[PDB]
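Input: one structure, supplied below.
Don't worry about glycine lacking a Cβ; one is built from the backbone with ideal geometry, like all the others, and counts go over all protein chains shown. Every number in this text was worked out from the coordinates using simple rules, so none of it is lab data.
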Amino acid sequence: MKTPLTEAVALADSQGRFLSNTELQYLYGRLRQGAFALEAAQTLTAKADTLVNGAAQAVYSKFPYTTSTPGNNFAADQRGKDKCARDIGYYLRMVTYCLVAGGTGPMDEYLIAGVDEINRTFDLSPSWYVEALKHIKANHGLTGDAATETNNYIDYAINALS
Amino acid sequence: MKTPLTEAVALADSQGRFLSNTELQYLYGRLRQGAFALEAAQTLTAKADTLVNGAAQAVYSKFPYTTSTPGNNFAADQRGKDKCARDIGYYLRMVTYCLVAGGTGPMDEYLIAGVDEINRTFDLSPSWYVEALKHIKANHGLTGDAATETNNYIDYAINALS
Amino acid sequence: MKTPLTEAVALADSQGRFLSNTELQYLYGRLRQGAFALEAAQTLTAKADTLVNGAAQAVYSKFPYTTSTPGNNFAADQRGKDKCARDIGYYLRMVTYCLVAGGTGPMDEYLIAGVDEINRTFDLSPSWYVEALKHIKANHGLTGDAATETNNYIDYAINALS
Amino acid sequence: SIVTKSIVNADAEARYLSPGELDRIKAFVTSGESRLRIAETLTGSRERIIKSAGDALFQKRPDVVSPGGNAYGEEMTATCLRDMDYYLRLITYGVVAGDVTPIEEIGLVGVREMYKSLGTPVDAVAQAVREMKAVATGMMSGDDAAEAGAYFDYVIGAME
Amino acid sequence: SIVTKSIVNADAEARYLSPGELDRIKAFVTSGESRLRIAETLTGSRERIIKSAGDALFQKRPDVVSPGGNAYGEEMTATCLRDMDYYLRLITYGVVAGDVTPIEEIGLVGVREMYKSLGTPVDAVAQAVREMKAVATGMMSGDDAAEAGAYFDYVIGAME
Amino acid sequence: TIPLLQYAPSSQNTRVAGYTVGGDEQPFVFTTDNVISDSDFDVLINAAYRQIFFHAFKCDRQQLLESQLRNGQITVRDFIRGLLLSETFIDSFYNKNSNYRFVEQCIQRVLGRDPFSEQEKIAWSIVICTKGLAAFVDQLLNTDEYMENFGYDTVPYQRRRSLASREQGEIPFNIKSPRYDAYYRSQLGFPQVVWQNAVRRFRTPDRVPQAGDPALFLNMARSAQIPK
Amino acid sequence: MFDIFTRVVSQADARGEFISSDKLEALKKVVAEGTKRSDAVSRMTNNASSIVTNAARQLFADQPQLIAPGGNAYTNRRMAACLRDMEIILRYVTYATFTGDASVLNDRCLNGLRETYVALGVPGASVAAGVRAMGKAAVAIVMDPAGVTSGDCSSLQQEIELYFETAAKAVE
Amino acid sequence: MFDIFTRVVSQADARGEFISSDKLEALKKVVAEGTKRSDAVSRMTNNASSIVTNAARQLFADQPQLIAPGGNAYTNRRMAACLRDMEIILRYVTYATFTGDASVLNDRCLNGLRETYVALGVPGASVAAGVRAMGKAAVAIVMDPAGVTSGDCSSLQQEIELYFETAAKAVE
Amino acid sequence: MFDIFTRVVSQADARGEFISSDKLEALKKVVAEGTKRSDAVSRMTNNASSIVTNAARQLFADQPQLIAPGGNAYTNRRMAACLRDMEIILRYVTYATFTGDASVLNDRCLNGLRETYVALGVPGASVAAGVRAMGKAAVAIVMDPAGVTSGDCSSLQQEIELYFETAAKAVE
Ligand SMILES: CCC1=C(C)/C(=C/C2=NC(=C\c3[nH]c(/C=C4\NC(=O)[C@H](C)[C@H]4CC)c(C)c3CCC(=O)O)/C(CCC(=O)O)=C2C)NC1=O
Ligand SMILES: CCC1=C(C)/C(=C/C2=NC(=C\c3[nH]c(/C=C4\NC(=O)[C@H](C)[C@H]4CC)c(C)c3CCC(=O)O)/C(CCC(=O)O)=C2C)NC1=O
Ligand SMILES: CCC1=C(C)/C(=C/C2=NC(=C\c3[nH]c(/C=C4\NC(=O)[C@H](C)[C@H]4CC)c(C)c3CCC(=O)O)/C(CCC(=O)O)=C2C)NC1=O
Ligand SMILES: CCC1=C(C)/C(=C/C2=NC(=C\c3[nH]c(/C=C4\NC(=O)[C@H](C)[C@H]4CC)c(C)c3CCC(=O)O)/C(CCC(=O)O)=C2C)NC1=O
Ligand SMILES: CCC1=C(C)/C(=C/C2=NC(=C\c3[nH]c(/C=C4\NC(=O)[C@H](C)[C@H]4CC)c(C)c3CCC(=O)O)/C(CCC(=O)O)=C2C)NC1=O
Ligand SMILES: CCC1=C(C)/C(=C/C2=NC(=C\c3[nH]c(/C=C4\NC(=O)[C@H](C)[C@H]4CC)c(C)c3CCC(=O)O)/C(CCC(=O)O)=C2C)NC1=O
Ligand SMILES: CCC1=C(C)/C(=C/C2=NC(=C\c3[nH]c(/C=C4\NC(=O)[C@H](C)[C@H]4CC)c(C)c3CCC(=O)O)/C(CCC(=O)O)=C2C)NC1=O
Ligand SMILES: CCC1=C(C)/C(=C/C2=NC(=C\c3[nH]c(/C=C4\NC(=O)[C@H](C)[C@H]4CC)c(C)c3CCC(=O)O)/C(CCC(=O)O)=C2C)NC1=O
Ligand SMILES: CCC1=C(C)/C(=C/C2=NC(=C\c3[nH]c(/C=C4\NC(=O)[C@H](C)[C@H]4CC)c(C)c3CCC(=O)O)/C(CCC(=O)O)=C2C)NC1=O
Ligand SMILES: CCC1=C(C)/C(=C/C2=NC(=C\c3[nH]c(/C=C4\NC(=O)[C@H](C)[C@H]4CC)c(C)c3CCC(=O)O)/C(CCC(=O)O)=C2C)NC1=O
């Protein structure tokens, strides 16, 4: 759970010392971040369902073979589409959780830490999720510094994928 | 390099003792294996080029999208086909090397140890290589116990892939 | 308990992998060994009592002082002879156990691991047991490859003694 | 049972048993062999009845096993299957006795008060006996399934 | 208990409780805390007491587990350990009550007639309680072992 | 930086000399001295990962530490320290467990032996907070026992876990000591409702043993040994 | 950590005598069928990743509460650890049927993992059902003869199902 | 090891949905008062050695049995360990009011130190009274104004006294 | 880990006062007889291997079940471990009578080895009888005069038999 206040406490604890001005600098910086990041997370919460459906449709558009071939890993049947838009919503929910938490900790603990072996065991290409995250980071519709750090979290998920 | 004589020497060395009858049992067993395995490796050496082309054609048949979409990971252009039949021949050569060596050591050191991160970085689906290895293990045309242990090595490569 | 199948499982477990063709080579070799070794162990079971008495008489012949001097370590009295032919039969029984088990494990766990400190504490010369094992390996009366590996186990006991 | 009911109904009326009641007792006495066969059918396969009926119930009504429901957890699901076992045992008693006075007189009088004091939805219990009836009448011949389904029908009717 | 015994002994004599009996009840009332501590010591480690005492008993008296004895077989040895569990439970009751009238008034009156009707050697049962006493007084402090060994002593004395 | 309060060492299998020849149940030893191949280094690295934190995921692995290890610049005890001060080991082990529980877990893994008593873990637990986890790991690696049994380039392992000519040795520290304690389990709310078992766990109430039945003690009656 | 042969050796040493003849005929028949034991073991081993993926595939279709948020196998890290736990159990089953003794399976998993799953909050029921389904699929994969000379596997289906049921019951 | 934000994130993930709006307004007010919270923290942190020395000063004036020979804090080494234990407790209080959650204070001290003081023979009552007096002096040092702009210090007096009472009750 | 002198020092520190005079006269007599304590300790130490071999020699003559196959000390490795356990017990007895305190013997053996022998399946009775016979032979070897100036060793036979009985009772 790599969030700034948690890791500041971990630094001060591993050093064995009290808190210094460094952690207070970390804190006024974190409050500066959260002062826009919480409203941006609320805006993503508002636009979430349409973003999930648009990402799923873009993923079906770029990879049309997954809709066609019979296979339980592919979303040819309906249960594949339910499970697969479910993990689209999982990715978007982890993006909002990292927007609230202020660090890549929630996605690192809920998504990243086992995603490679899961995609290895289940024959899931990570490029599908890369395409979906690219569609989300194109279509989230935020502006300014909140948009840049949202794109930062999504690009972090992309780099963790491939 | 997990080959039986090497690992017998490693056991006797880590125990700090001389060789016992256990390693000689390992040895008469290894010679029993090699007495057919060397001729089977020669037969695979004979049928290698047609097996490589047949595996590449079966891979293009089951995954027709890779021939169509533009992308340097896909074998749409000609250089993709050269590199990709090159790694077909790589897989077949590692199968023959493990047939000669008598253990999964050569494929474990030359193929398996980094294949997951390579397919992660390069957007290569391992299912392509699984299809190719399945075509090879169907079409190698050996018979008997040599055929069973050849299928064992190919199935080991499949399980290491996904 | 260094037996071939046990140590193959230990290798595959410490490596963290499944079983490969190496352990199956170990297995067809172990079955090849046991296919004569079990009948040789039965033949030693048949000739055991006369071999024990002959080894005890050869030990009394080469070391005649042990029958003469008063001492509880020496077999001058009758209880020394009972206990001492008992440990002759112990050595022969461990030889048969290693013949059945297919490795030096049973003698290594039942005899070898403490024999040096026991002979140190009890004033027993190990050369007595070396003479007895030499008489056994001369007079066991087997033939062929079973005889060679029986002599291998007895020579292993000799080298572990001195 | 049938004999108890006929004796009591003639007993309040200060009369003997009428001959129609007597051939009723006679017909029940002759049909007791088929009643005992249905009872052995229900008794010998109680494990599969309780298991499959609990499976189909929790498939049908998943909220009582979800956190928040009554039968949530290991021991609560075990007590739920125990209550289903109780009701199958009373079904066997009512099959043998030829009437529902064992079932009613043991486990149906204050069933609403008891399951209201425990916090249990009684409709889900009716669904449990419905799935028990489905598995049990899937296990027998036609007239045997009808005769057992009469008592299963009485239990689900006495629930609601 | 102590209070029952004092009340009955004053009750036959048609008198009230004498002051010496009253300070007896008072001293038992004060020592009840140590009695409850001995009871928790005996209760919490009953598994190891029964297991180790059965092991030492069958080591000491192997003929009752040999074919021909009473406690031969799986269920017979389980019933033997159950009888030892019964006697350890009565030991705990007698420890709390401060007197042996729970132990005697539950499981020691017709013990000879019962174990003669079952075909059981009573000396081997006395050895079972002896090994239970050894494991239990090996588990406590000195005065606690003496106070528990008094009741264990009463059980082995009431056997023979 | 006051000295530790002195504590009793309890009796253990490691405390005796022990007279064992090379058996199977003796754990495999991995030194950098007898291994030089790319192969053998990969096998050693996976063995050290297995010993320090039961399974190592691909994100869990440290490219820096293994990369330094194949040259020879870094000794295997420094690789052990790099795994110990690693952030994923701290996150999985130090954050979730209690302090005393963490000291217990890490002493088990690094020294290869169980802690002698609770008093020893209490004694060692003060170094962690007074000086940081880095100084605690530094104080734990340079003791007499680690330097005597493993040293600079031997991967640590459980010492005399299994006895000679025994069927069952001891529980491996990996399966025995989990990653987090019961407190963190209570934080997760982890006892999950399983209705699909209670269909198959359900036995008829007549078949269930009661307080007069000897079926409760039957497991003890079959677990106890009776001589012939 | 015992073989079949070391098991007979330890029993004969506890008896204190030599090995009797009938045990040697039993071990001769074991040496005749030990390769037979092995053929199932190798065809069991080659399909191991398919076995664990199909087992988790049916299990998480069967109990969707584990995939549901707040479930025990919900998190990606925890789900990878779940597949790791299953693969470990299958590997030690293959080891025990290699050596022909359940003592390796006992030694390596059983005595600790029940307490581990209690302490972790892991539901023992789901992993018990998963090991049962994995064992059913393993015997189903082993028994089919595809490109194999006809032979009798009847005893060895017995032994493999014994090992799987021992694992599933020790898990609980 | 949790923040305020990670606490809301874990609760929203256990719910399985997105974060509701009222929790976001609560977190916005938390982000507005988080600096509030921590100026308070900084003036608590700067006087920490004075706080622990005055706390031990009043405690050993109050209970002279600890200073008396045979007392638990009598020996010079033990007395230094006592001041170390108190300073550690104050430091983890400052950490918990930094992160705004009591889970760090729970994680780092509470579950083990009660059993530690039982096993050591340390009287839990004296250290409980010392943590209470230290907390009273800490709020008394935090609440006074000396050159600082007026602020809503009071809720945070609520939270700091909560953390100190949690520490004193977990010590017992 | 205590001496005689450190025992008096710890008791005087728990009292909190200086050492009283009668304890100092007792320690002066201890310093006069401490050499007396230990020349014998030296004659106990020099014959240690003979003591443990004669003790095991009488014990395995007395209980032939341990030497019998299936017995606890039957196996050669186990028999060497048995002689090692006995020699360790004798060595810590010699340490405790060197320092003049039983706390070293308690610290190094007693609290753990009873549970060790329970968990191992070691019969505590045989090793208790062996430690008793070893102690009887040790006092018998210590008490005889063969070229040594005569002295009254009555309280040191008392102390050595105390240490041996403490070891035998802690073993059980
Ligand atoms: C909270 C973070 C989180 C993630 C990311 C996650 C992914 C995840 N996706 C899974 C399956 C899946 N994932 C997909 C997704 C797709 N397949 C396609 O064809 C589409 C391109 C894409 C749609 C987005 C599908 C269809 C399945 C079901 C296939 C299966 O049986 O394993 C599974 C196996 C569970 C199961 O079999 O039902 C996991 C663990 N789980 C998590 O807990
Ligand atoms: C000796 C063992 C060994 C293996 C297995 C191996 C694989 C391997 N394949 C690669 C690329 C590749 N692999 C493929 C293969 C395919 N793509 C397809 O569409 C087909 C389905 C499949 C044909 C078999 C292709 C087309 C490339 C070139 C793509 C690239 O730029 O990275 C690369 C990156 C090197 C490069 O970019 O040229 C490696 C390392 N290398 C090795 O040394
Ligand atoms: C199963 C493997 C095994 C072995 C090998 C074994 C040897 C063994 N031999 C012993 C004694 C002995 N060993 C001997 C043997 C001899 N002395 C002679 O003069 C002859 C040359 C030779 C006859 C073979 C004798 C006479 C004793 C009794 C002497 C004694 O008190 O210690 C003892 C001490 C036990 C005792 O004192 O009775 C052991 C442990 N024990 C084992 O469990
Ligand atoms: C609380 C007072 C109390 C006692 C003591 C008691 C004993 C009691 N012991 C019984 C059986 C038994 N009890 C034993 C016990 C022993 N046999 C041996 O060899 C050992 C020496 C010994 C135990 C260590 C055995 C073997 C039986 C079975 C007798 C039979 O099956 O014929 C039975 C008949 C079956 C049953 O209903 O349990 C009773 C009632 N019941 C009581 O209420
Ligand atoms: C060599 C023998 C061996 C076994 C058996 C073993 C089990 C084991 N499983 C664990 C976790 C786990 N095991 C499971 C498995 C499951 N949970 C479920 O929900 C399902 C019911 C089941 C899937 C079949 C899961 C999900 C965890 C993760 C718990 C966590 O990380 O919080 C842990 C905690 C540490 C960690 O995985 O990284 C251990 C020690 N470890 C061993 O060394
Ligand atoms: C590691 C490489 C390797 C393999 C693969 C191997 C297999 C193998 N299986 C054999 C036998 C056999 N294998 C089977 C197996 C079966 N028959 C059935 O009908 C069942 C469905 C199935 C088991 C499920 C049978 C029945 C035999 C008969 C001979 C024997 O008992 O070994 C034999 C005996 C010798 C021979 O065939 O030449 C071999 C070689 N040997 C090796 O060295
Ligand atoms: C990070 C969390 C953490 C806590 C809380 C902790 C407590 C802790 N306090 C200890 C000792 C102590 N703690 C105290 C404190 C007190 N005793 C008294 O008399 C007073 C009631 C009180 C003063 C407030 C004393 C005197 C000792 C010394 C005991 C000794 O050395 O024998 C010890 C024994 C080891 C040692 O100090 O050097 C631990 C582990 N350790 C930790 O790592
Ligand atoms: C780590 C170094 C550091 C410190 C020390 C720091 C403190 C600090 N306290 C502030 C505000 C404040 N601080 C307080 C604190 C209080 N007012 C009261 O009346 C109470 C008694 C007391 C709390 C107990 C208040 C009320 C404000 C008003 C502004 C705000 O809400 O931040 C601000 C707002 C920005 C500014 O003042 O320029 C700063 C900088 N900032 C830093 O970067
Ligand atoms: C410093 C204090 C200390 C003590 C006391 C100690 C005892 C000790 N005795 C042991 C074994 C043993 N101890 C005995 C001794 C006996 N068993 C018998 O049958 C006789 C009753 C008795 C001979 C007097 C034996 C036979 C074993 C071997 C058990 C085995 O290896 O399976 C073991 C198991 C590990 C091993 O020896 O190699 C320990 C830890 N260890 C210590 O570190
Ligand atoms: C470390 C090397 C060393 C040894 C061994 C040693 C022994 C030693 N023992 C002595 C005395 C003595 N030692 C004994 C011992 C005993 N008498 C009995 O009858 C008892 C059975 C037995 C005790 C159990 C006695 C009685 C004396 C008389 C003188 C004295 O009190 O010291 C003395 C006095 C000075 C002398 O004898 O010249 C010496 C030197 N001194 C040394 O420097």
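Can you tell me which residue in the stretch C:68-82 is nearest to the other protein chains (Cβ to nearest Cβ), limited to those that are more than 19 Å from C:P126 (Cβ to Cβ) and either among the polar types (S, T, N, Q) or within 16 Å of ligand 8 (Cβ to nearest atom) (or both)?
C:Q78
Per-residue answers, yes or no, for (1) out of contact with any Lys or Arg (no Cβ under 6 Å at 6 or more places or on another chain); (2) surrounded by 13 or more Cβ atoms within 10 Å (Cβ to Cβ); (3) more than 30 Å from C:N73 (Cβ to Cβ):
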| position | (1), (2), (3) |
| --- | --- |
| I:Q11 | yes, no, yes |
| I:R15 | yes, no, yes |
| I:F18 | yes, no, yes |
| I:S21 | yes, no, yes |
| I:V30 | yes, yes, yes |
| I:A48 | yes, yes, no |
| I:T94 | yes, yes, no |
| I:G112 | yes, yes, yes |
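For A:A41, work out the one condition from (1) among the small types (G, A, S); (2) touching a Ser or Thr at 6+ places or on another chain (Cβ under 7 Å); (3) more than 8 Å from every other protein chain (Cβ to nearest Cβ) it doesn't fulfil.
Of the numbered conditions (1) among the small types (G, A, S); (2) touching a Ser or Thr at 6+ places or on another chain (Cβ under 7 Å); (3) more than 8 Å from every other protein chain (Cβ to nearest Cβ), the odd one out for A:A41 is (3).
Can you pull out every residue in the stretch F:19-34 that is more than 7 Å from every other protein chain (Cβ to nearest Cβ), surrounded by fewer than 17 Cβ atoms within 10 Å (Cβ to Cβ) and out of contact with any strand residue (DSSP E or B) (no Cβ under 7 Å at 6 or more places or on another chain)? Step through it out loud before you land on a result.
Taking the stretch F:19-34 and keeping what is more than 7 Å from every other protein chain (Cβ to nearest Cβ), we get F:26-27, F:30-33.
Add one more test, that the residue is surrounded by fewer than 17 Cβ atoms within 10 Å (Cβ to Cβ), and what stays is F:31, F:33.
Answer for the stretch F:19-34, where residues must be more than 7 Å from every other protein chain (Cβ to nearest Cβ), surrounded by fewer than 17 Cβ atoms within 10 Å (Cβ to Cβ) and out of contact with any strand residue (DSSP E or B) (no Cβ under 7 Å at 6 or more places or on another chain): just F:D33.
Name, by its number, the condition in (1) surrounded by fewer than 19 Cβ atoms within 10 Å (Cβ to Cβ); (2) at the interface with another protein chain (Cβ under 8 Å from one of its Cβ atoms); (3) not aromatic (F, W, Y) that does not hold for G:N54.
Unmet condition: (2).
Also: Say whether the condition of being of a type in the set (A, V, I, L, M), crowded, with 20+ Cβ neighbours inside 10 Å and touching a helix residue (DSSP H, G or I) at 6+ places or on another chain (Cβ under 7 Å) is met by at least one residue in the stretch I:143-155. So that I can check it myself, show each step before the final result.
Start the filter on the stretch I:143-155 by keeping residues that are of a type in the set (A, V, I, L, M), which leaves I:143, I:146, I:148.
Filter once more, keeping what is crowded, with 20+ Cβ neighbours inside 10 Å: none.
No, the conditions are met nowhere in the stretch I:143-155.
While we're looking at this one, here's another question. Taking the condition of being touching a residue at least 12 places away in the same chain (Cβ under 8 Å), part of a loop (DSSP other than H, G, I, E, B) and not acidic (D, E), how many residues in the stretch F:31-44 meet it? Show your work before the answer.
The first filter runs over the stretch F:31-44 and keeps only residues touching a residue at least 12 places away in the same chain (Cβ under 8 Å), leaving F:31-33, F:38, F:41, F:43-44.
Then keep just the ones that are part of a loop (DSSP other than H, G, I, E, B); that gives F:32-33.
Filter once more, keeping what is not acidic (D, E): F:32.
So the answer is 1.
Of all the residues that make up the stretch A:126-146, how many are over 13 Å from the mean Cα position of the chain (by Cα), over 18 Å from B:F122 (Cα atoms) and surrounded by 16 or more Cβ atoms within 10 Å (Cβ to Cβ)?
Qualifying residue count, the stretch A:126-146: 2.
Conditions: (1) farther than 24 Å from F:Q192 by Cβ; (2) within 11 Å of chain F (Cβ to nearest Cβ). G:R132 meets all but one. Number of the miss?
(1)
Would you check if A:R32 is of a type in the set (D, E, K, R), surrounded by fewer than 18 Cβ atoms within 10 Å (Cβ to Cβ) and outside any helix (DSSP H, G or I)?
Judged against the criteria, A:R32 is not a match.
For the stretch A:52-66: of the residues being more than 16 Å from ligand 2 (Cβ to nearest atom) and within 12 Å of another protein chain (Cβ to nearest Cβ), which is nearest to A:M94 (Cα to Cα)?
Going through the qualifying residues, I end up with A:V52.
(1) crowded, with 20+ Cβ neighbours inside 10 Å; (2) over 29 Å from H:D107 (Cα atoms); (3) at the interface with another protein chain (Cβ under 9 Å from one of its Cβ atoms): which one isn't true of F:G169, the others all being true?
Here F:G169 clears every test but (1).
A follow-up question, please. Quick check on my filter: what residues within the stretch H:137-168 are more than 9 Å from ligand 8 (Cβ to nearest atom) and free of Cβ contacts under 8 Å to residues at least 12 places away in the same chain?
Of everything in the stretch H:137-168, those that are more than 9 Å from ligand 8 (Cβ to nearest atom) and free of Cβ contacts under 8 Å to residues at least 12 places away in the same chain turn out to be H:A140, H:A146, H:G147, H:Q158.
Would you please list the contacts, defined by Cβ atoms under 6 Å and residues six or more apart or on different chains, that run from a residue in the stretch I:27-54 that is within 16 Å of ligand 3 (Cβ to nearest atom) to a residue that is among the charged types (D, E, K, R)?
Once the first residue is within 16 Å of ligand 3 (Cβ to nearest atom) and sits in the stretch I:27-54, its partners that are among the charged types (D, E, K, R) give I:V52/I:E87.
Any chance you could count how many residues in the stretch C:64-98 are surrounded by 16 or more Cβ atoms within 10 Å (Cβ to Cβ), of a type in the set (F, W, Y) and farther than 26 Å from C:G34 by Cβ?
Looking only at that region, the number is 1.
List every residue pair whose Cβ atoms lie under 7 Å apart, where the two residues are 6 or more positions apart in sequence or sit on different chains, the first residue falls within the stretch I:82-99 and is within 13 Å of chain C (Cβ to nearest Cβ) and without any contact (Cβ under 8 Å) to a residue 60 or more places away in the chain, and the second residue, located anywhere, is surrounded by fewer than 22 Cβ atoms within 10 Å (Cβ to Cβ) and not aliphatic (A, V, I, L, M).
Close Cβ pairs satisfying both conditions: I:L83/C:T121.
Matching residues to (1) under 27 Å from E:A124 (Cα atoms); (2) more than 16 Å from the chain's Cα centre (by Cα):
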residue: E:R24; (1), (2): no, yes
residue: E:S31; (1), (2): no, yes
residue: E:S34; (1), (2): no, yes
residue: E:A39; (1), (2): yes, no
residue: E:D55; (1), (2): yes, yes
residue: E:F58; (1), (2): yes, yes
residue: E:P62; (1), (2): yes, yes
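Residues G:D22, G:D13: which one is among the charged types (D, E, K, R) and more than 14 Å from chain I (Cβ to nearest Cβ)? It would help to see each step written out before you state the result.
On the way: G:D13 fails: more than 14 Å from chain I (Cβ to nearest Cβ).
Unique residue meeting the criteria: G:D22.
Name every residue in the stretch B:122-162 that is of a type in the set (S, T, N, Q) and either assigned to a loop (DSSP other than H, G, I, E, B) or closer than 20 Å to G:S50 by Cα (or both), in order of residue number. Break it down into steps so the answer makes sense when it comes.
Initially, the stretch B:122-162 is screened for residues of a type in the set (S, T, N, Q), giving B:125, B:127, B:139, B:143, B:148, B:150-152, B:159, B:162.
Of everything in the stretch B:122-162, those that are of a type in the set (S, T, N, Q) and either assigned to a loop (DSSP other than H, G, I, E, B) or closer than 20 Å to G:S50 by Cα (or both) turn out to be B:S125, B:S127, B:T143, B:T148, B:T150, B:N151, B:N152, B:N159, B:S162.
May I ask you to list the residues in the stretch F:176-228 that are away from chain G (no Cβ under 14 Å) and within 30 Å of D:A53 (Cα to Cα)?
Residues satisfying the conditions are F:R203, F:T204, F:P205, F:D206, F:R207, F:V208, F:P209, F:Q210, F:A211, F:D213, F:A215, F:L216.
Listed here are the residues, each with its yes/no results for (1) part of a helix (DSSP H, G or I); (2) within 14 Å of chain A (Cβ to nearest Cβ).
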{"site": "F:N46", "(1), (2)": "yes, no"}
{"site": "F:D60", "(1), (2)": "no, yes"}
{"site": "F:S67", "(1), (2)": "yes, no"}
{"site": "F:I74", "(1), (2)": "no, no"}
{"site": "F:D91", "(1), (2)": "yes, yes"}
{"site": "F:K96", "(1), (2)": "no, yes"}
{"site": "F:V103", "(1), (2)": "yes, no"}
{"site": "F:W124", "(1), (2)": "yes, no"}
{"site": "F:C129", "(1), (2)": "yes, yes"}
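Sort out which residues of the stretch F:5-15 are facing chain I (nearest Cβ under 7 Å) and either in contact with a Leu (Cβ under 8 Å, 6 or more places away or on another chain) or under 26 Å from C:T3 (Cβ atoms) (or both), and write them in order of number.
Hit for the stretch F:5-15 is F:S11, nothing else.
If you take the residues of the stretch H:101-129 that are within 19 Å of H:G70 (Cβ to Cβ) and away from chain F (no Cβ under 12 Å), which of them is nearest to ligand 10 (Cβ to nearest atom)?
Within the stretch H:101-129, the match that is nearest to ligand 10 (Cβ to nearest atom) is H:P123.
Further question: I'd like to know if the stretch A:103-116 contains one or more residues that are over 12 Å from the mean Cα position of the chain (by Cα), more than 13 Å from chain G (Cβ to nearest Cβ) and among the hydroxyl-bearing types (S, T, Y). Can you show your working first?
At the first step, the residues of the stretch A:103-116 found to be over 12 Å from the mean Cα position of the chain (by Cα) are A:113-116.
Subset that is more than 13 Å from chain G (Cβ to nearest Cβ): none.
Scanning the stretch A:103-116 turns up no residue that is over 12 Å from the mean Cα position of the chain (by Cα), more than 13 Å from chain G (Cβ to nearest Cβ) and among the hydroxyl-bearing types (S, T, Y).
Can you work out which of the residues in the stretch G:59-70 that are within 13 Å of chain H (Cβ to nearest Cβ) and more than 9 Å from ligand 1 (Cβ to nearest atom) is surrounded by the fewest Cβ atoms within 10 Å (Cβ to Cβ)?
G:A68
Before we move on, is F:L69 in contact with a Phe, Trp or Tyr (Cβ under 7 Å, 6 or more places away or on another chain), closer than 29 Å to F:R185 by Cβ and among the hydrophobic types (A, V, I, L, M, F, W, C)?
Working: in contact with a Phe, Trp or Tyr (Cβ under 7 Å, 6 or more places away or on another chain): yes; closer than 29 Å to F:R185 by Cβ: no; among the hydrophobic types (A, V, I, L, M, F, W, C): yes.
No.
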